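Data block below; observations after.
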Amino acid sequence: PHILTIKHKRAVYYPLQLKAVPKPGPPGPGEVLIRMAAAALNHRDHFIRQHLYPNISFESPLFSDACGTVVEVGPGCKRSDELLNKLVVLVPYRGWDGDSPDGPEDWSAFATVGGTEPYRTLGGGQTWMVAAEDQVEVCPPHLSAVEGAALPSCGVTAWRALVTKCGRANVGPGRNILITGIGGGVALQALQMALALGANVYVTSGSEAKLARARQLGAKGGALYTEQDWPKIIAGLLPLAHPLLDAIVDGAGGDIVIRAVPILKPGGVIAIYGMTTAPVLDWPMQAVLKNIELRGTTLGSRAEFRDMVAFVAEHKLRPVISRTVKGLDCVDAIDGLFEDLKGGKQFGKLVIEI
């Protein structure tokens, strides 16, 4: 019965602390007890380690991705027979319900769990977890604990960025979707989802090895953003019957807007979920004239999460996994997965078997 948190140090990097804590008690009313099986590391957790993320905590278990087996259900559980002795996935947030799709109703109530305040009971870096029967969803029956762990926070982000940010009309048969920086956690998730939705999915990478792996997964074409004319290369791959891109799922920022306007249809959506390059963009006047909308997105509503797992459970989508450390005890191995995150040279998710 352990828990994995960061500890104080003094441009910083907090070391990992393995604390032995008592086993959680019986589940309260409407709560379920979860035997943790696997926790996936996410890109957000790297900024927590350098304090570049708001509301970090030296007491909350880390990782926003948790997958475990519900062992005990509490009194008054309406999803009891649905969750008992089954693998479930935690929603990686609270304070965002399905009745407000545009965003959380109260920004002061919304918080991202995992290594942050105030929800110190929710997190993947722990052997046990007690949580509400509404905060978990039934893990797709075809995924292992490692695969289920790699889904929640990067799946609902990609799911929302397609069906709501881009628009279901833009992720269908005959539509052209560019997904920049294939190999990242979020870009891979949408690569599968946009293909299963029926789009003509094209990708962008920095290495020729990552490009080929993307074509192995179903990418109808790709380019290299290291090439000074990558919009024109992607432009050439588009069919004659529809020579333009419908929407873009970018998570790098940079010059994406000024590069993509000439190859994007009027009314094209640039659904941005991250800005790794620079914390600012470049909005040209040609994006205004083309009625182009840069739609920022992050995670998703509670209904969009439930919608997400059901879509993955139906078409049997599986996430690519890069590495996997067998043991929350091995803190040096878990630390190794952090250096591999910073390097940005990866393809798939980095998970930890609990």
For the stretch 190-259, the Debye formula with one identical point scatterer on each Cα and no solvent gives log10 I(q)/I(0) at q = 0.14, 0.21 Å⁻¹ as -0.42, -0.99
In whole angstrom, how long is each semi-axis of the equivalent ellipsoid of the chain, when you take the square root of 5 times every eigenvalue of its Cα gyration tensor and sort them from largest down? 35, 22, 19
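So what is Rg over Rh here for the stretch 13-74, counting just Cα atoms and using Kirkwood for Rh?
1.03
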Return the FRET efficiency for the residue pair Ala11, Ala303: r is the Cβ-Cβ distance, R0 is 51 Å, and the value is rounded to the nearest 0.05. 0.80
Applying a 10 Å radius around every beta-carbon, put 16-24, 331-339 in order of their mean neighbour count, most first. 331-339, 16-24
Percent relative contact order of the stretch 277-354, based on C-alpha pairs within less than 8 angstrom and at least six residues apart? 30
Extension gain (nm, one decimal) between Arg295 and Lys345, 0.36 nm per residue minus Cα-Cα: 15.3 nm
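Which entries of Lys86/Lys349; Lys86/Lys326; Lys9/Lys342; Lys165/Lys342; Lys210/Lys349; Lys23/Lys345 have Cα-Cα distances beyond 26 Å here?
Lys165/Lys342; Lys23/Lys345
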Per-selection Kirkwood Rh - the stretch 156-296 (Cα, Å, 1 d.p.): 14.5
Can you find, among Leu240, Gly254, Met285, the residue sitting farthest towards the positive end of the charge dipole of the stretch 156-296, where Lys and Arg contribute +1 and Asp and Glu -1 at Cβ? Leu240
Contour minus end-to-end for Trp107 and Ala310, with contour as 0.36 nm per residue of separation and end-to-end as the Cα-Cα distance? 70.4 nm
Based on the Cβ-Cβ distance of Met285 and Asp134, what FRET efficiency does E = 1/(1 + (r/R0)^6) give at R0 = 51 Å, to the nearest 0.05? 0.65
Using mean Cβ contacts within 10 Å as the protection proxy, how do 173-179, 310-316, 252-258 order, highest first? 173-179, 252-258, 310-316
Once the Cβ-Cβ distance between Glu117 and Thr277 is put in as r, and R0 is 30 Å, what FRET efficiency do you end up with, to the nearest 0.05? 0.55
Tell me which residues come under 5 Å, amide H to amide H, from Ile292 once H is placed; ignore anything under 5 positions away on its chain. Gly267
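How high is the relative contact order of the stretch 75-198, given as a whole-number percent (alpha carbon pairs under 8 Å, six or more residues apart)?
Numbers: 115 pairs, mean separation 26.5, N = 124.
After rounding, I find 21 percent.
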Please give, to one decimal in nm, the separation of the simple spin-label points placed at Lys326 and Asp255, each 7 Å out from Cα toward the Cβ. 4.7
Mind giving me the nanometre distance, one decimal, between the label points for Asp97 and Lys232, set 7 Å out from Cα along Cα→Cβ? 5.4
What order do you get for 106-113, 88-95 when each peptide is scored by the mean count of other beta carbon atoms within 10 Å, highest first? 88-95, 106-113
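Every number here is computed from the coordinates shown, using simple stated rules; none is lab data. Please note: Cβ atoms are built from the backbone with ideal geometry, for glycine as well, and neighbour counts cover all protein chains shown.
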